[PDB]
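What follows is the content of upload-v4.txt, which has compact mmCIF, C-alpha atoms:
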```txt
# COMPACT_ATOMS: atom_id res chain seq x y z
CA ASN M 1 29.96 96.99 -8.53
CA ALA M 2 29.63 99.97 -10.88
CA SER M 3 28.53 98.13 -14.04
CA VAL M 4 25.56 96.38 -12.41
CA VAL M 5 23.75 99.64 -11.64
CA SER M 6 24.28 100.79 -15.24
CA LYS M 7 22.90 97.50 -16.54
CA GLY M 8 19.89 97.82 -14.25
CA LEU M 9 19.28 101.40 -15.38
CA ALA M 10 19.49 100.34 -19.03
CA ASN M 11 16.97 97.58 -18.37
CA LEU M 12 14.71 100.06 -16.56
CA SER M 13 14.97 102.43 -19.54
CA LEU M 14 13.91 99.64 -21.90
CA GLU M 15 11.08 98.65 -19.55
CA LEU M 16 9.63 102.12 -18.90
CA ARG M 17 10.35 103.64 -22.35
CA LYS M 18 11.96 106.68 -20.72
CA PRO M 19 15.42 108.24 -21.05
CA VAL M 20 17.35 107.13 -17.97
CA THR M 21 21.04 108.08 -17.97
CA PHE M 22 23.80 107.19 -15.52
CA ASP M 23 27.15 108.92 -15.06
CA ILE M 24 30.27 108.60 -12.91
CA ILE M 25 33.44 110.67 -12.52
CA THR M 26 37.09 109.59 -12.64
CA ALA M 27 39.36 111.37 -10.16
CA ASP M 28 43.07 112.11 -10.53
CA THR M 29 45.48 112.47 -7.61
CA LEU M 30 44.50 116.07 -6.72
CA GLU M 31 40.70 116.12 -6.90
CA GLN M 32 40.73 113.28 -4.36
CA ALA M 33 42.53 115.54 -1.88
CA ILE M 34 40.16 118.42 -2.64
CA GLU M 35 37.10 116.24 -2.05
CA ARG M 36 38.59 114.76 1.12
CA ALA M 37 39.24 118.23 2.54
CA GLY M 38 35.67 119.26 1.75
CA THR M 39 34.20 116.11 3.29
CA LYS M 40 36.37 116.49 6.40
CA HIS M 41 35.24 120.08 6.98
CA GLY M 42 31.61 119.09 6.42
CA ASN M 43 31.98 116.27 8.95
CA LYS M 44 33.53 118.64 11.48
CA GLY M 45 30.58 121.01 11.15
CA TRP M 46 28.11 118.12 11.38
CA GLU M 47 29.67 116.86 14.61
CA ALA M 48 29.76 120.39 16.03
CA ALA M 49 26.01 120.75 15.48
CA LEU M 50 25.24 117.25 16.80
CA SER M 51 27.12 117.86 20.05
CA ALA M 52 24.93 120.91 20.70
CA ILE M 53 21.69 119.11 19.84
CA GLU M 54 22.54 116.38 22.34
CA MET M 55 23.39 118.90 25.07
CA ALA M 56 20.15 120.80 24.48
CA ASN M 57 18.11 117.62 24.84
CA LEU M 58 20.17 116.63 27.89
CA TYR M 59 19.25 119.96 29.48
CA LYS M 60 15.62 119.35 28.55
CA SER M 61 15.58 115.92 30.21
CA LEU M 62 17.81 116.69 33.21
CA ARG M 63 15.53 119.42 34.59
CA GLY M 64 12.35 117.53 33.71
CA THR M 65 9.90 115.96 36.13
CA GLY M 66 10.31 112.40 34.85
CA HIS M 67 13.12 109.85 35.08
CA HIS M 68 13.99 107.40 32.31
CA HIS M 69 15.78 104.11 31.54
CA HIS M 70 18.22 102.83 34.15
CA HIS M 71 21.60 101.11 33.71
CA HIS M 72 22.20 97.65 32.19
CA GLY M 73 20.52 96.33 35.33
CA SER M 74 18.40 98.74 37.38
CA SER M 75 18.40 100.99 40.47
CA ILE M 76 20.80 103.46 38.78
CA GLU M 77 19.28 106.42 36.94
CA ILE M 78 20.86 107.49 33.64
CA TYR M 79 20.41 110.89 31.99
CA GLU M 80 21.13 111.35 28.28
CA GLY M 81 20.00 113.53 25.39
CA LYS M 82 18.17 112.29 22.32
CA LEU M 83 19.28 113.35 18.84
CA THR M 84 15.95 115.01 18.05
CA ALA M 85 16.29 118.72 17.23
CA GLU M 86 12.54 119.33 17.05
CA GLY M 87 11.38 122.63 18.52
CA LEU M 88 14.91 123.79 19.40
CA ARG M 89 16.21 127.25 18.48
CA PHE M 90 19.91 127.51 17.62
CA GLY M 91 22.42 130.29 17.08
CA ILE M 92 25.50 130.10 14.85
CA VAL M 93 28.44 132.53 15.03
CA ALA M 94 31.05 132.46 12.26
CA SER M 95 34.09 134.57 11.39
CA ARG M 96 34.49 136.34 8.06
CA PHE M 97 38.22 135.58 8.09
CA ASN M 98 38.87 132.48 5.96
CA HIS M 99 35.20 132.51 4.96
CA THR M 100 36.00 130.23 2.00
CA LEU M 101 36.51 127.46 4.56
CA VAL M 102 34.25 128.63 7.41
CA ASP M 103 31.22 128.55 5.11
CA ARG M 104 31.85 124.82 4.66
CA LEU M 105 31.41 124.29 8.41
CA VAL M 106 28.34 126.54 8.44
CA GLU M 107 26.69 124.60 5.61
CA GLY M 108 27.63 121.26 7.17
CA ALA M 109 26.08 122.37 10.46
CA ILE M 110 22.81 123.76 9.08
CA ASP M 111 21.81 120.60 7.22
CA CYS M 112 22.35 118.42 10.30
CA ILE M 113 19.80 120.46 12.25
CA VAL M 114 17.48 120.34 9.25
CA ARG M 115 17.76 116.55 8.86
CA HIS M 116 17.32 115.98 12.61
CA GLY M 117 13.85 117.54 12.56
CA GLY M 118 14.69 121.24 12.89
CA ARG M 119 13.26 123.93 10.64
CA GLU M 120 15.39 126.76 9.26
CA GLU M 121 13.12 129.41 10.83
CA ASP M 122 14.68 128.64 14.24
CA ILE M 123 18.28 129.19 13.07
CA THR M 124 19.98 132.58 13.48
CA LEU M 125 23.36 133.24 11.86
CA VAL M 126 25.79 135.98 12.93
CA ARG M 127 29.11 136.83 11.28
CA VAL M 128 31.93 138.64 13.09
CA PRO M 129 35.19 140.13 11.75
CA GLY M 130 37.58 137.69 13.43
CA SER M 131 37.82 134.97 16.04
CA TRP M 132 38.56 137.53 18.77
CA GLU M 133 34.99 138.88 18.68
CA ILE M 134 33.30 135.46 18.90
CA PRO M 135 32.69 135.36 22.69
CA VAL M 136 31.28 138.89 22.89
CA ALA M 137 28.82 138.23 20.07
CA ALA M 138 27.88 134.82 21.48
CA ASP M 139 27.14 136.62 24.75
CA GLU M 140 24.62 138.92 23.08
CA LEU M 141 23.13 136.01 21.13
CA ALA M 142 22.70 134.02 24.35
CA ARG M 143 21.08 137.07 25.95
CA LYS M 144 18.06 136.34 23.73
CA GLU M 145 15.41 134.23 25.45
CA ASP M 146 14.61 132.45 22.15
CA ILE M 147 17.98 130.66 21.92
CA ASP M 148 18.71 127.16 23.23
CA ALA M 149 22.26 126.48 21.98
CA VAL M 150 25.19 128.37 20.47
CA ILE M 151 27.63 126.99 17.88
CA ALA M 152 30.76 129.01 17.12
CA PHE M 153 33.26 128.48 14.30
CA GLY M 154 36.66 130.15 14.37
CA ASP M 155 39.74 129.87 12.18
CA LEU M 156 43.20 129.41 13.70
CA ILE M 157 46.05 126.89 13.93
CA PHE I 1 55.94 133.34 30.38
CA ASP I 2 56.23 137.08 29.72
CA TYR I 3 54.36 138.13 32.90
CA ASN I 4 53.33 141.31 31.05
CA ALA I 5 51.73 140.60 27.66
CA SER I 6 49.66 137.79 29.16
CA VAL I 7 48.36 139.83 32.09
CA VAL I 8 47.47 142.86 29.97
CA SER I 9 45.50 140.63 27.59
CA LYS I 10 43.70 138.88 30.46
CA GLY I 11 42.79 142.20 32.05
CA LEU I 12 41.55 143.72 28.81
CA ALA I 13 39.49 140.65 27.95
CA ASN I 14 37.90 140.59 31.40
CA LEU I 15 37.24 144.34 31.21
CA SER I 16 35.52 143.98 27.84
CA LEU I 17 33.44 141.06 29.12
CA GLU I 18 32.45 142.88 32.32
CA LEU I 19 31.55 146.20 30.64
CA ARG I 20 29.97 144.92 27.38
CA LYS I 21 32.02 147.31 25.23
CA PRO I 22 34.47 146.46 22.43
CA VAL I 23 38.11 146.96 23.43
CA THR I 24 40.39 146.29 20.46
CA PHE I 25 43.86 145.39 21.77
CA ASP I 26 46.73 145.60 19.29
CA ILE I 27 50.49 145.55 19.86
CA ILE I 28 53.51 146.08 17.61
CA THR I 29 55.68 143.44 15.95
CA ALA I 30 59.23 144.33 14.91
CA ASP I 31 62.10 142.17 13.63
CA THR I 32 65.67 143.48 13.94
CA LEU I 33 65.10 146.69 11.94
CA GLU I 34 62.14 148.60 13.35
CA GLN I 35 63.62 147.85 16.77
CA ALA I 36 66.83 149.65 15.81
CA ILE I 37 64.94 152.62 14.35
CA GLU I 38 62.80 152.92 17.49
CA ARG I 39 65.86 152.66 19.75
CA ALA I 40 67.61 155.48 17.88
CA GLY I 41 64.51 157.66 18.14
CA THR I 42 64.02 157.08 21.86
CA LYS I 43 67.73 157.68 22.46
CA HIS I 44 67.46 161.10 20.82
CA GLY I 45 64.32 161.86 22.82
CA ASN I 46 65.99 160.92 26.10
CA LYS I 47 69.00 163.06 25.19
CA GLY I 48 66.77 166.12 24.85
CA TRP I 49 64.78 165.21 27.96
CA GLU I 50 67.85 165.08 30.21
CA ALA I 51 69.19 168.21 28.51
CA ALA I 52 66.14 170.13 29.75
CA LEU I 53 66.03 168.38 33.14
CA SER I 54 69.57 169.43 34.08
CA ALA I 55 68.74 173.06 33.31
CA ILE I 56 65.62 172.87 35.48
CA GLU I 57 67.65 171.49 38.39
CA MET I 58 70.40 174.10 38.01
CA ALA I 59 67.91 176.97 37.92
CA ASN I 60 66.21 175.75 41.09
CA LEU I 61 69.57 175.23 42.81
CA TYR I 62 70.56 178.81 41.93
CA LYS I 63 67.28 180.13 43.31
CA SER I 64 67.59 178.18 46.55
CA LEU I 65 71.31 178.76 47.19
CA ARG I 66 71.20 182.58 47.21
CA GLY I 67 67.73 182.67 48.78
CA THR I 68 66.80 183.09 52.45
CA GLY I 69 65.16 179.79 53.34
CA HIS I 70 65.89 177.23 56.04
CA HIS I 71 66.36 174.01 54.08
CA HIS I 72 65.61 170.49 55.28
CA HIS I 73 68.14 167.99 56.63
CA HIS I 74 69.55 164.74 55.27
CA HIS I 75 67.76 162.51 57.79
CA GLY I 76 67.36 164.72 60.87
CA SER I 77 71.06 165.02 61.67
CA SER I 78 71.05 168.85 61.31
CA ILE I 79 73.30 168.74 58.21
CA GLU I 80 71.34 170.96 55.83
CA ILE I 81 71.40 169.96 52.16
CA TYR I 82 71.03 172.30 49.18
CA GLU I 83 69.60 170.61 46.09
CA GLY I 84 67.46 171.55 43.12
CA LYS I 85 63.81 170.53 43.11
CA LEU I 86 62.53 169.13 39.81
CA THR I 87 59.56 171.51 39.73
CA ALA I 88 59.78 173.92 36.79
CA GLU I 89 56.94 176.11 38.08
CA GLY I 90 57.43 179.81 37.40
CA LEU I 91 60.60 179.31 35.34
CA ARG I 92 60.98 180.78 31.85
CA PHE I 93 63.05 178.99 29.22
CA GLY I 94 64.65 179.72 25.87
CA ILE I 95 65.63 177.08 23.31
CA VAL I 96 67.92 177.64 20.31
CA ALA I 97 68.03 175.00 17.58
CA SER I 98 69.76 174.77 14.21
CA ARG I 99 67.65 173.69 11.24
CA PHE I 100 70.67 171.75 9.98
CA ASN I 101 69.76 168.10 10.61
CA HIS I 102 66.30 169.24 11.65
CA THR I 103 64.84 165.73 11.39
CA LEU I 104 66.77 164.91 14.59
CA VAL I 105 67.23 168.26 16.31
CA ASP I 106 63.44 168.72 16.15
CA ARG I 107 63.09 165.43 18.02
CA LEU I 108 65.51 166.85 20.60
CA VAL I 109 63.50 170.07 20.91
CA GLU I 110 60.23 168.15 21.22
CA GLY I 111 61.73 165.90 23.89
CA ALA I 112 62.76 168.99 25.84
CA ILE I 113 59.49 170.94 25.49
CA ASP I 114 57.32 168.18 26.95
CA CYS I 115 59.90 167.67 29.69
CA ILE I 116 59.46 171.32 30.64
CA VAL I 117 55.65 171.22 30.37
CA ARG I 118 54.99 168.03 32.35
CA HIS I 119 57.04 169.31 35.31
CA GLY I 120 54.64 172.26 35.66
CA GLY I 121 56.26 174.59 33.13
CA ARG I 122 53.61 176.75 31.51
CA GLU I 123 53.62 176.94 27.71
CA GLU I 124 53.60 180.76 27.74
CA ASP I 125 57.15 180.82 29.18
CA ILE I 126 58.99 178.77 26.51
CA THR I 127 60.57 180.71 23.64
CA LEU I 128 61.99 178.85 20.63
CA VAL I 129 64.53 180.30 18.18
CA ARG I 130 65.78 178.58 15.01
CA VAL I 131 69.06 179.35 13.23
CA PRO I 132 70.42 178.12 9.86
CA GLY I 133 73.43 176.47 11.50
CA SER I 134 75.42 176.01 14.67
CA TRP I 135 77.70 178.92 13.73
CA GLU I 136 74.76 181.30 14.28
CA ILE I 137 74.01 179.97 17.77
CA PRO I 138 76.35 182.15 19.90
CA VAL I 139 74.88 185.54 18.94
CA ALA I 140 71.23 184.47 19.22
CA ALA I 141 72.02 182.71 22.51
CA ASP I 142 73.64 185.91 23.77
CA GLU I 143 70.57 187.91 22.77
CA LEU I 144 68.24 185.47 24.54
CA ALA I 145 70.42 185.19 27.64
CA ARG I 146 70.70 188.97 28.08
CA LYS I 147 66.94 189.06 28.74
CA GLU I 148 65.89 189.37 32.37
CA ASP I 149 62.81 187.16 31.92
CA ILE I 150 64.89 184.11 30.98
CA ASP I 151 65.99 181.54 33.55
CA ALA I 152 67.72 179.01 31.26
CA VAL I 153 68.88 178.67 27.66
CA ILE I 154 69.24 175.30 25.90
CA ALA I 155 70.84 174.94 22.46
CA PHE I 156 71.25 172.14 19.93
CA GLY I 157 73.99 171.77 17.31
CA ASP I 158 74.57 169.46 14.37
CA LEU I 159 76.44 166.25 13.54
```
Render the structure in this file as structure tokens.
Amino acid sequence: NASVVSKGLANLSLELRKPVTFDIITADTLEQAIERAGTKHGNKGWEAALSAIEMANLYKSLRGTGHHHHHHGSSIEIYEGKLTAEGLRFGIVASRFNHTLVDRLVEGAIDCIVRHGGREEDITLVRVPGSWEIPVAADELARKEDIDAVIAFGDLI
Amino acid sequence: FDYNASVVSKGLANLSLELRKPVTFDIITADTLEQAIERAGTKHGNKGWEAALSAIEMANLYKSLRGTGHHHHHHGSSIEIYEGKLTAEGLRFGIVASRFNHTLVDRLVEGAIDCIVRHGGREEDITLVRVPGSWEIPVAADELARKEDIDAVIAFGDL
């Protein structure tokens, strides 16, 4: 599975007369755990952002003046939110405590909004000393009329 | 399950939310050693507090007993009761302390001074005298007690 891509890249190098290199990495018992922790935290942040995108679009559709697809049959309205973060302004609140792990969630939540059609100019980040100050900063962030969803990352347990 | 630390936290959080002002709430955390130190300190403070309170009561009892005033009754059964009010208003006090073991006798003196002040005792009427040791207390106490503008004298020794 890994040799075939190298053979193809070698053949492409011979065909195109260009230097094409290919490289892999061998992992011991510990780097696997490190990478798994990083991937898990990134996935947690990704899901946290996705759950807010869906709720924002659900709010957009629920108050709208047009109904959409019914149930598996008909005569039963269904309301749901699309995973399209286009034109939505977000606000992220993170805690400086354990920043070496909170920043992983922050980075894994920004790129989801970017890849779902959102531009970085509509993202506002706020950092607070600890988890205790999260609600009172999220309150002031929500006070802004140019905010559609709030994502908050703490560090406990 | 504490019925105290939970309710204070809930009240402070709701107050901060309702008034939009930061209210940092921090408590102490002791484990089997700071608790003992604090208990010894508060025991010394209470010792000095009751030491001053008894003198206040005795002075007021002396004033009322030899005074010309119709006192109240127990419940309305005409049996008049003479007792000392815990209002140190107008009373003048003199404290004598020995600088031997000052790190504790000063806690005693401080726990007596605030006890006098909070009960209405004005700060102008408290006179403090320090002596090298307990063996010097009797003469200084005699000198303070001979004064006419002195209603009580409290003294602290060493151990």
Please compute the atom CA of residue I:117-atom CA of residue I:69 distance, one decimal, in Å.
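The value is 26.3 Å.
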Using all atoms listed in the file, find the one residue out of M:16, M:110, M:136, M:105 that sits nearest to chain I.
M:136
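Atom CA of residue M:50 is positioned 14.0 Å from atom CA of residue M:153.
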Could you give me, as CSV, a per-residue list for chain I showing, wherever an atom lies at most 12 Å from an atom of chain M, the closest pair of atoms and their distance in Å to one decimal, using all atoms listed in the file and sorting by chain then residue number from low to high?
```
residue,atom,partner,partner_atom,distance
I:9,CA,M:132,CA,11.6
I:13,CA,M:132,CA,9.7
I:14,CA,M:136,CA,10.9
I:15,CA,M:136,CA,11.6
I:16,CA,M:136,CA,8.3
I:17,CA,M:136,CA,6.9
I:18,CA,M:136,CA,10.3
I:19,CA,M:136,CA,10.7
I:20,CA,M:136,CA,7.6
I:21,CA,M:136,CA,8.8
I:22,CA,M:136,CA,8.2
I:23,CA,M:133,CA,9.9
I:24,CA,M:132,CA,9.1
I:25,CA,M:132,CA,9.9
I:26,CA,M:132,CA,11.5
```
Two-atom distance - atom CA of residue I:7, atom CA of residue I:27 (Å)
13.7 Å
Ref. answer, residues at most 7 Å from (66.2, 171.3, 41.2) with only C-alpha atoms, as a PyMOL selection string
chain I and resi 56-61+83-87
Residue with smallest distance to residue M:130 - pool M:6, M:95, M:1, M:26, counting all atoms listed in the file:
M:95
